[PDB]
């Protein structure tokens, strides 16, 4: 799976900057749990600059819940990055997993850090908008650079149970530990 992200610097606030319309929109259709017509999915736009990767995720989710103690079993979005795009079967120092729920509470998997994660969440009719900035850790990207990338949407019901797991490139729910499951994202001018 291959996608592209246009160069640009949006303001992290949950509002949709005009610039987001200049880059392609991808959809999370790789089902691991649940179904597209019944569970949380997202329309995603991606931008980038020399210092950060920017992600705009518009999530469709009629019931918001975060009662479960496990952050991944709360309504939330997970963003995966493989900076050198080695597509390894385990996480290298440059690989990372970031997570943020609908209440804008951040949590981190391997490689993730609050020092490199800025987020804003705005609720909307039928769901919520996540806008994030991920600071590069090992690279200073230039046009046509390609990284490993994926975005996952966790869907929890009113009972605090996760009923949906859907991402862009991974239908096996192994992104948290396997970079070879991410897709390819080309950073273009």
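Residue numbers count along the first chain shown, from 1.
Per-stretch averaging of Cα B factors for 98-106 and 68-76 places 68-76 on top.
Mean C-alpha B-factor is higher over 58-66 than over the other stretch, the pair under comparison being 148-156 and 58-66. In this entry, the residue among 123, 31, 47, 120 with the greatest C-alpha B factor is 123. In this PDB entry, the Cα temperature factor of residue 12 sits in the middle third of its chain's modelled residues. Among the modelled residues of its chain, residue 129 has a C-alpha B-factor that falls in the middle third according to the deposited record. Per the PDB record, residue ranking by Cα B-factor puts residue 40 in the lowest third of the chain.
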